[PDB]
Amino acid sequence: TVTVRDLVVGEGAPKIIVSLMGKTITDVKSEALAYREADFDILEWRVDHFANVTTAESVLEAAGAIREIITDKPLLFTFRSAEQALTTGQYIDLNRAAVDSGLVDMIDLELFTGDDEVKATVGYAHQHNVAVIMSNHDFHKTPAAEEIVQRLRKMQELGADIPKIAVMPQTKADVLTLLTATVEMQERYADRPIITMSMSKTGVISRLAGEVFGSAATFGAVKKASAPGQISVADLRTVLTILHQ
């Protein structure tokens, strides 16, 4: 398990993560305020939708604003690489800044960033008591089950506290491939919780069936989804609770 704040990830029913996507500090504040009564467990700040992402002061300022409004839930800092492109150097310093701010409980680092940069950045996070979700995505297709499994193992190998993979199905069988890889990884290789999802409405069951197949957290939407296939946070909590009985 992985305990963030007072949240234990990888035990009981899967935990719910919602994404905050504001462009400006005004949007970030109004979204955070609106999310405050929503029923979720971890708040993900999707900094890649933040217009002033290349200004350090602005990012720090926006993280504080979120933290001031959402005071109990764990905060996850995520720059998902697609609108404003960044260089590897920019991406790493951004995450380092986040870690050193004290305003975030977890960071997301992409698997295909670079081994040394990743291990370096992972080390820095842990010494600052910040958890690392190491992630990989494919928004166009689903890799073979054994490849999905290889990527999750590589993330464990790099020090991830929570390996994460999100893939896009093109067939219903592709949703089953994602689940097959989840089962295989969790049962045979995982020594930490993992997060897996097959995107789109076709893959929704992968957002619901985490307790049996092995994914420890799942994303839901408050009003706008952060990825296709996310159902409302309320609907998600409803289904996880039924499945936990």
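So that the term is clear: the rigid core is the largest set of C-alpha atoms that superpose within 1.5 Å between two forms. When you see a residue number, it is the position in the sequence shown, counting from 1.
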Check your understanding: Do the Cα atoms of 102-110 or those of 84-92 sit farther, on average, from the shown form in 6 other deposited structures of this protein after fitting on the core?
Key -> 84-92
Check your understanding: In a third or more of the other entries compared, is residue 236 missing its coordinates?
Key -> no
Review point. Do at least a third of the other compared PDB entries leave residue 224 without coordinates?
Key: yes
Revision key, fill the gap. Gap between residue 82 and residue 83, counted in deposited residues with no coordinates, falls in the class 4 to 9
Study note, to complete from the structure: Between 147-155 and 171-179, the record assigns the higher mean Cα B factor to 147-155
Practice item. Could you settle it for me: does 5-13 or 218-226 have the higher average Cα B factor in the PDB entry? Key: 5-13
**Study point:** Which of 78, 113, 135, 142 ranks first by CA B-factor in the deposited coordinates
**Key:** 113
Revision key, fill the gap. Based on the PDB entry, the highest CA temperature factor among the options 118, 106, 165, 162 is that of 118
Check your understanding: Which third, lowest, middle or highest, does the CA B-factor of residue 44 fall in along this chain?
Key -> lowest
Practice item. Going by the recorded CA B-factors, say which third of the chain residue 26 sits in, lowest, middle or highest. Key: middle
Study note, to complete from the structure: residue 191: CA B-factor among chain residues, third -> highest
Exercise for review: Could you tell me which third, lowest, middle or highest, the C-alpha B-factor of residue 60 occupies within its chain?
Suggested key: middle
Practice item. Within this chain's modelled residues, let me know which third the CA B factor of residue 34 belongs to: lowest, middle or highest. Key: highest
